[PDB]
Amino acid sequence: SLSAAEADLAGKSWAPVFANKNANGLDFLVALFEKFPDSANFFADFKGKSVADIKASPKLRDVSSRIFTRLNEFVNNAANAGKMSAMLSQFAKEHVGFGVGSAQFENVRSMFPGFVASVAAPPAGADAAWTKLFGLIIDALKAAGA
């Protein structure tokens, strides 16, 4: 888990992003697809489609919303190793079943700080807190088998 201090920094940086959940959630998915094209292929709903096609899809909101909803939960419980344990396990288990592994998360981790900064400058230390949180997710994926 993250420390209380680290967790607070992540929460602080996330707030402005989550303020506009719908628009920001869609934008995150789109930025992911643009920077890491192969990522779309894992999605039944977006495999083979171009970014323009994805943007125009009535399914985008459903997928993006579920992701943001869960990320918010990770941010909220990040400082509680216990809650994290369960969340991580479950998260990893679910992802692996879909064929998603740690490599994909390594990509999310690389682009995340930049995405946040595009909404509002994050406080000092927030970047390192996100990397640590993603690190925890990456570790979980590896234990889950991928």
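Note that residue numbering begins at 1 and tracks the sequence as displayed.
S.K.: Could you settle it for me: does 37 to 45 or 94 to 102 have the higher average Cα B factor in the PDB entry?
M.R.: 37 to 45 has the higher mean C-alpha B-factor.
S.K.: Comparing 13 to 21 with 125 to 133, which has the greater mean CA B-factor as deposited?
M.R.: Higher mean C-alpha B-factor: 125 to 133.
S.K.: I'd like to know which of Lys55, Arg70, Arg109, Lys83 has the highest C-alpha temperature factor in the PDB entry.
M.R.: Answer for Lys55, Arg70, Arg109, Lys83: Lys83, with the highest C-alpha B-factor.
S.K.: Relative to the other modelled residues of the same chain, rank the CA B-factor of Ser50 and answer lowest, middle or highest third.
M.R.: According to the entry, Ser50 has a C-alpha B-factor in the chain's highest third.
S.K.: State the tercile, meaning the lowest, middle or highest third, of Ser89 with respect to the CA B-factors recorded for its chain.
M.R.: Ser89: CA B-factor falls in the highest third of its chain.
S.K.: C-alpha B factor of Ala31, ranked within the chain: lowest, middle or highest third?
M.R.: Within its chain, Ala31 is a middle-third residue by C-alpha B-factor, going by the deposited values.
S.K.: Among the modelled residues of this chain, does the Cα B factor of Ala120 put it in the lowest, middle or highest third?
M.R.: As the PDB entry reports it, the C-alpha B-factor of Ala120 lands in the middle third of its chain.
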